[PDB]
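Okay, structure first, notes after.
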Amino acid sequence: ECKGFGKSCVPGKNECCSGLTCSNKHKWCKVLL
């Protein structure tokens, strides 16, 4: 299951759902679009 908005990613953007991208600073998924 892909990591939704404001959920702690795998550092690599390996998990964040379609329309998300993991922040460098926060290490959580945030809106790509």
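Every chain in the structure tokens takes a letter, A first, then B, and so on in the order presented; its residues are numbered from 1, and the ligands are numbered from 1 following the presented order.
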Find the residues around range 18-30 of chain A up to 6 Å (only C-alpha atoms counted), leave out those fewer than 2 positions away in its own chain, and share them as an MDAnalysis selection string. chainID A and resid 5:9 13 16 32:33
Strand (DSSP E) call set, DSSP backbone run, chain A, as a ChimeraX atom specification: /A:20-22,29-31
Keeping only C-alpha atoms, write the selected residues to a file as an mmCIF file, in the first residue's frame.
```cif
data_model
loop_
_atom_site.group_PDB
_atom_site.id
_atom_site.type_symbol
_atom_site.label_atom_id
_atom_site.label_comp_id
_atom_site.auth_asym_id
_atom_site.auth_seq_id
_atom_site.Cartn_x
_atom_site.Cartn_y
_atom_site.Cartn_z
ATOM 1 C CA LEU A 20 2.830 12.693 -4.173
ATOM 2 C CA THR A 21 6.621 12.990 -3.723
ATOM 3 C CA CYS A 22 8.645 12.542 -0.512
ATOM 4 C CA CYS A 29 4.791 12.395 1.204
ATOM 5 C CA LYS A 30 3.616 15.811 -0.090
ATOM 6 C CA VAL A 31 1.680 16.907 -3.193
#
```
